[PDB]
Structures are given as structure tokens and as C-alpha cells.
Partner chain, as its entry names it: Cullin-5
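Coming up is one lone chain in C-alpha cells, specifically the form solved without its partner chain.
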């Protein structure tokens, strides 16, 4: 199952992960793709915040869903 993430710059990232994996693991995949640490990147879906102790399955996300990401700031 593959899903697309949305960045603050307006860019949809393409990644491949399983629903049984943890949100923190998906964050690591993001770090290697864009070049930003996981602890400074948040993942939001539907309107609720996703915790590193929870998994994508807990938010009924499947291959084809668009997930949002919002953490770390450059300016002020």
C-alpha cells in the first residue's frame, strides 16, 4: 500500500509503507527522502494529531490516502 504526504511548501511526497507500521517509522522514511529529522516533523490526518506510539492502521489509512505533515519552521 502506497500513500502521499503533503508538505508546507505544497509538495506531495510519494512513499510506500504498510498499515501495521508505526508513525515514527514513516517519519524516518521522510527524513531520508527530504532531509529533515522525524522529531521536528508532525503527521496530521482528518483533523487529529498522530502519535509516535500509534500506527497508521489506528487511523484506518489505506493505500491511496493523502496524509498531512506539519513540523519544523524556517522563518518567523
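Numbering follows the first chain given and starts at 1.
What comes next is about the form solved in complex with its partner chain, which is not displayed.
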item: Heavy atom of residue 22 within 4.5 Å of its partner chain in the entry with it bound; value: no
item: Residue 1 within 4.5 Å of its partner chain in the entry with it bound, heavy atoms; value: no
item: In the entry with it bound, residues of 59-76 near its partner chain [heavy atom within 4.5 Å]; value: 64, 66, 68, 69, 70, 71, 72, 73, 74, 75, 76
